[PDB]
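Everything below, folded, please.
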Amino acid sequence: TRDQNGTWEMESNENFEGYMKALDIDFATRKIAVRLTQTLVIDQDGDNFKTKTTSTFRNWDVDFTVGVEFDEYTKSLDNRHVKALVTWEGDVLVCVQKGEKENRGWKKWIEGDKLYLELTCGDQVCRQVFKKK
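Numbers count the residues shown, from 1 in each chain. What follows is the structure:
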């Protein structure tokens, strides 16, 4: 389904280390980032999304309109400039972050009662599963 509204609680986190290493996040930060407990909160109204990802490590927020390119300066992560665009491929929400890293972005989808998020950078994929709270 395309409705990703909800408050979403992480139940698994695979290869988050590999993903952050592929973004060149420094080692000491990676040890402390990485939380198996993480809340994703999504407000979706037509093409407008407001998302907030929360954890005892960091709180972060990003708002976007599907189909409207937006510049990002990822000062909270690897400190790069990317051009981001979020679009639907069927019921999979696809973000590509164009810039230095290849294959950078993410895909997000609802399957059954759960939210699946696949974060990509270079050759690395991080898979996260959330249950609806």
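
And stretch 80-87, what's buried?
Using 16 or more other Cβ atoms under 10 Å as the test for burial, stretch 80-87 gives 80, 82, 84, 85, 86. Bear in mind the C-beta positions are built from the backbone N, C-alpha and C, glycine included.

With stretch 26-44 instead?
Buried residues in stretch 26-44 (16+ other Cβ under 10 Å): 38, 39, 40, 42, 44.

which residues touch that stretch?
By Cβ atoms under 8 Å, 6 or more residues apart in numbering, the residues outside stretch 26-44 that reach it are 3-10, 12-13, 16-17, 20-21, 25, 49-58, 115, 117, 128, 130, 133.

The closest residue to residue 56 other than its chain neighbours and residue 52, how far apart?
Leaving aside its sequence neighbours, residue 56 sits nearest to residue 35 (Cβ to Cβ, 6 or more residues apart in numbering; 6.4 Å). According to Cβ to Cβ, to the nearest Å, residue 35 stands 15 Å off from residue 52.

Please apply the same query to residue 90.
Using Cβ to Cβ, residue 90 is found at 26 Å from residue 52.

And residue 2, by the same measure?
20 Å.

Cross the buried residues of stretch 26-44 against strands and list the overlap.
39, 40, 42, 44 (DSSP state E).

which one of those residues sits closest to residue 100?
Proximity of these to residue 100 (Cβ to Cβ) peaks at residue 40, which lies at 26.1 Å.

Name the residues linked to the closest one by a beta bridge.
residue 8, residue 53 (DSSP bridges).

if we can go back for a sec, which of residue 2 and residue 52 has more neighbours?
The neighbour comparison of residue 2 against residue 52 (other Cβ atoms under 10 Å) goes to residue 52, with 15 against 12.

tell me the strands in this protein, going along the chain?
Going by DSSP E, the chain shows strands at 6-14, 39-45, 48-54, 59-65, 70-73, 81-89, 92-98, 105-111, 114-121, 124-132.

With distance to residue 30 as extra columns, can I get those in JSON lines?
Output for the strands of the chain, formatted as JSON lines (distance: least, Cβ to Cβ, whole Å):
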{"stretch": "strand 6-14", "distance to residue 30": "13"}
{"stretch": "strand 39-45", "distance to residue 30": "20"}
{"stretch": "strand 48-54", "distance to residue 30": "17"}
{"stretch": "strand 59-65", "distance to residue 30": "16"}
{"stretch": "strand 70-73", "distance to residue 30": "20"}
{"stretch": "strand 81-89", "distance to residue 30": "20"}
{"stretch": "strand 92-98", "distance to residue 30": "19"}
{"stretch": "strand 105-111", "distance to residue 30": "18"}
{"stretch": "strand 114-121", "distance to residue 30": "13"}
{"stretch": "strand 124-132", "distance to residue 30": "12"}
